[PDB]
Structure formats: C-alpha cells, structure tokens
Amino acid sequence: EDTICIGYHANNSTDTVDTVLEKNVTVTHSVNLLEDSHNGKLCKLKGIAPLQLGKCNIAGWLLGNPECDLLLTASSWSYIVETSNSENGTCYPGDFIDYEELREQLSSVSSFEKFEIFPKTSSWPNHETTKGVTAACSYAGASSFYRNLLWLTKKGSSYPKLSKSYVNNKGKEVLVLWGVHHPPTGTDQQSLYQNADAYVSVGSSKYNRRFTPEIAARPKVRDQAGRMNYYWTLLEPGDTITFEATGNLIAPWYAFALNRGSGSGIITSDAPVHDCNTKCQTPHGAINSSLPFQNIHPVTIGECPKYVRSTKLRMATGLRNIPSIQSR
C-alpha cells in the first residue's frame, strides 16, 4: 500500500522567540531587529572627526585658557567631545553669556581659522598691554592671562577713551569674544582703569550693547573678589564690529572665522576617538544603524536607530521545532 505524507521538516535550532500566545517558542531561525552593542569608540560622522578638547572645556578653549594651550585644532569637526576631565574653562571668576547657545552653534564647523583681530603690539599705544595678569590664570608657575584676550590698563594715571573696530574682510562669519571686568572695589577701579565712572560699548550693525562696572564686594574664587563677564557675537562677512571704552575692556586679541554646520552637538565621553566611520555615534561607542531599533543609549548623534528600552527583539522566520497544537 503505497503511501504519501505531506508535512514539514525543521532544521536543528536553539533560536527562541516570543509570540502573543506563547512565551518561549523554539523556532529554526530569527532575525534580530535590535542593535544591542557598540564598538566602544568615538568614530567620525560625515567622514570627519569630532573636535576633541582635552583637559579643558569649550570656554577654556575659545578664550585662551593656559592649560588648554596643550592642544591642537583642525579646520573642521562633526561634533565635539568633552571628557570627564575638561575642568579648565573660565579660570577667572565670571559669567559666560549664552554659553549654551555658543556651544550649540560651534558643534559642527567647516573651516575654522583663528586670527589676530587686534594685534597687541600695535593696537593700543595709549593703553597698557604689558601688565594685566592674575594668579587665577597662571601658566608655568607665574601669574598669566587668557591667550585669546588682552587686559588693557591705564598706561600711567590715565585711560583715555579708546575706540577700535574690525571690519571682517574674511569670506565667512567671525566669532569675536571679549570681556568686561568688574573690580571688587572703587580703589581697584582706579588702580586699574583710573576712571571711577567708566564704560564699555560694543557695536556691530546687528549688535548694540553697553556695559558698566558692577563694582561690588564678593566671595573669593580662585582668590579673586573681582568678576568678569565674557560676551560673544557673530560678525557677518561685510559687517564691522566696533569697541569703545574708558575702562574695563578685556579686549579681543584673537578672533575666529568659520562656517557653521547644519546642527551637530556635544558628547561627554571618556572613550577613545579612533579613525573609523559611523552613521550613528553614541557616548559609550558607535553603533550599526542598519537595524531599526537600538538599546545602547537614548542620547545619540547621527542618522540613528530608535532608542527602545527592550532587551531582545527577535522576529521569527523559521519553522517550529516542537510542532503546534494546531498541527497535531
């Protein structure tokens, strides 16, 4: 009696998946839909490396903090990486205005170039440039100051109104930073600027703003009762910025010129930066982005898979190894 059965053959498998009706079904094959591991390195996005600030943060690097001088810079970056030891920023106590905004707008830059906007040697014959350092910002044991800014002081019992202006003949935006100093007492006001009732005025064609010394008593920070606020502004290609003051100007020395990028951001990671590429960068490591979901970290940069809090997401495709109750 010739006989024929129709059924299905299943290969050996340990693969297990879940369905709505059963909790642990052994199928002969599944495809993982979840990205759940990372190479453990900060790679390059858009085929470019991130800016890697070393022992210091964006402020210390933008202003010329001394510790920061030990560091290199390239003409572009995808993103920026601050480490858990980038403590060196604004070494002289004070407030960085719109610090968060600046950090956002510098996250992807195209053609960085630092340049001497107001050369110390020649820009201030009537003011004193030589002196004007502080323990707060010290290099090689001695009192110093920011590499990118310059602390003007009365040349000798006088600080005549100064007025200098840059014009921006570069082809791109210029980021100009300065500071205003707030002595802790009117005596210091005199010692430094010899002008009790002084001011600082800064004017581009898109930026008017006045500044005055908030002379007041305050707690010491890095041994300084005095404070200084650091401001910034983006100068447009044809436009000119003009400074004008009778005291208290931590004048710009070097400015920056750059083309701001689409819109990256900043990652704080102690992982090592390597020369690999990634569509999706995470703080602990880079990840593949061919799968639609991922559980490494929600805070990501790139064309990334969706952060999901799942552990495993196996899509069954195979046959059951233990045949179903239906089939019996």
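Don't overthink the numbering: it's just position in the shown sequence, from 1.
- Note on 67 to 75 vs 198 to 206: mean CA B-factor is higher in 67 to 75.
- Look at the C-alpha B-factors of 28 to 36 and of 53 to 61. On average they run higher in 53 to 61.
- Across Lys114, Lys120, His181, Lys155, the entry's maximum B-factor at the CA atom is seen for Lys155.
- In this structure the maximum Cα B-factor among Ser191, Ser144, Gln105, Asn88 is found at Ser191.
- Ranked within its chain, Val176 lands in the lowest third, by CA B factor from the PDB record.
- For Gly263, the recorded CA B-factor ranks within the highest third of the chain. Only modelled residues enter the ranking.
- For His127, the recorded CA temperature factor ranks within the highest third of the chain's modelled residues.
- Split the chain's modelled residues into thirds by C-alpha temperature factor. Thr311 is in the middle one.
- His284: CA B factor lies in the highest third for its chain, per the PDB record.
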